[PDB]
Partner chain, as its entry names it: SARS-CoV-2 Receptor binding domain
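Here you get one chain, nothing else, as structure tokens; it is the form deposited without the partner chain.
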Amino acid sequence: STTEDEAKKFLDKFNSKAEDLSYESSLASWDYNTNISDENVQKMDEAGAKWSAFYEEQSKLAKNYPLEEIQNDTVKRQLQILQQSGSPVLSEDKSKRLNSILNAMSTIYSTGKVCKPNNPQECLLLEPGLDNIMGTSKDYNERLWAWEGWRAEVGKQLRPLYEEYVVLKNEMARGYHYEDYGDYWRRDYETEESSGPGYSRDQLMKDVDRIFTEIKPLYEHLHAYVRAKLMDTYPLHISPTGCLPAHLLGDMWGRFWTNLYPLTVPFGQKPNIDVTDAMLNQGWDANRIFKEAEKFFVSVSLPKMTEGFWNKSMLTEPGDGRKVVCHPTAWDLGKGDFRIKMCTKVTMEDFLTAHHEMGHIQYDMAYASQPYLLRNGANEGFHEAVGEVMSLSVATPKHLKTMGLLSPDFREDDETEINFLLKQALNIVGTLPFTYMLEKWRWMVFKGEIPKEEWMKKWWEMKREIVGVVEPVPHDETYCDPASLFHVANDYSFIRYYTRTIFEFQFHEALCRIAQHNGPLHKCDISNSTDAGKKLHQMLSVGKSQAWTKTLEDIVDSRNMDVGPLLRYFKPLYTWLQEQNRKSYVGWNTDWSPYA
């Protein structure tokens, strides 16, 4: 017979085995995460080792299958995603060296701490001490000391480890017939199967550069406004026409500017919308929050939650008989099992995180009939986008008013609108240049255009160009500041947090185009709409069987990355910032430095 039927039978056998194998592995990981002990860790390790061995064996048996002679799309994409394991391309010495380097970097990041001067015993860890310090303290010297200590503790020790890591990664990428590790990361967006506009790994960088250049005006206005607002609390630490200090962005690295909201609030006289008070007054619990989320989701013609999700997930902290580290995760155990692990409290942030997790669960249930290799999003930016569009549609005051959470006598004037827009921009807009510059620096380091003896010499250059922030103290070639982030020194991609921002606002407005919404975009509501829900479900059910460009154009009528919806959403805040910056300089000076 032909190779097509042989590959089909091989994939059928592989799926029939991997279903049960991944089911057992997911059960083990869930028993570990929900019951921390010493034997559960061993069981999870055995399950993971078995799953990895099976995956490697299937990759070896699939490598001998030619993709050129095969004409079908599903089997071709399945063999393509199966052949990309990563581990079995090198010898044992380099593999063990890379594994030891990864484990050492993870241990250094987990046990990293900063010791205050003149106190060798009072050393504070990163979480939750350093995070709280960088997010709540409004002092210059304290934040500067914390940043310098974290840098000198993490990068100074991870520099040679990161050097060997990037060397081994580039060598493995060259072994996998790839250009560099940046190519191995960008291979996720490459869909060489659509007849016509086929997306390539080189077009992704160009599209990201174009969308960054298009965001540049709004981000520059926002940065100028934040600088003008922070100039009141920092009279001699921030120049009006220069860059901003890196240790004053709300956290240790500057990924989110939300912590700067009390200092950059447009109108401090009006309080923000708070729901936890009405929830505590009306006697709300986790079950009520989840039932309200299920009702909101089924009002958009989406399926409801199954009884297994209700009697198997961990919606509340059990306590008194177990110890767990609970972070919001929408887990898919396979075979039609979907659970949510989260210690949801009676608040508003947890109220939105519940809707986020329910959207993630709905997205996972959308492709429940797709093959195991296609039981995921088309790219790494659709999951979080689908999770965030629901939170955007829920956080509107209309949903809180017509459902019994906010008083009907709440006047919605432009002050609260500007406040909400600025609060959203401090979290969504302030991360795009940071993510872009981090991914570009990592790609250029993988490609070899930045020699080691100049790595940092470039890291602080783009910081002044792309983001517009200047370092507080000069760093020589012994620091490895970029590795101070969790996602950087963990073999984790970072562009997934960028494209989602484009993929989120594109979807929302699109739904608002079907629900016949009129007026501003920040007052949209997808609830009580069957037409938009049908298109949403049809877009979510495709999973990974089709190219991401086709899935995008089947939802927003555009087969390319477009940041237009983001500008249309932030147009009110854009005009407000343009009117406010009439007495301030827009832009930053690349040559200015705080230490002169």
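Positions refer to the first chain, counted from 1.
The protein also exists as the form solved in complex with the partner chain; that form is not presented, and the subsequent description refers to it.
Site annotation in the deposited complex: the residue of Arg288, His517, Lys398, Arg375 reaching within 4.5 Å of the partner chain with a heavy atom is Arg375.
Checking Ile36, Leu67, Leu567, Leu27 against the partner chain in the deposited complex, a heavy atom within 4.5 Å turns up for just one residue: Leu27. Contact with the partner chain, judged by heavy atoms within 4.5 Å in the deposited complex, is confined among 249 to 257, 481 to 489, 329 to 337, 180 to 188 to 329 to 337.
Relative to the partner chain in the deposited complex, residues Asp277, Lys345 and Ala354 are all farther than 4.5 Å at every heavy atom.
By the criterion of a heavy atom within 4.5 Å, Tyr585 is excluded from the residues contacting the partner chain in the deposited complex.
The partner chain in the deposited complex is not approached by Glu579, whose heavy atoms all lie more than 4.5 angstroms from it. Although the partner is absent here, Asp591 sits far enough away that none of its heavy atoms falls within 4.5 Å of the partner chain in the deposited complex. In the deposited complex, the partner chain sits within 4.5 Å of a heavy atom of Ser16.
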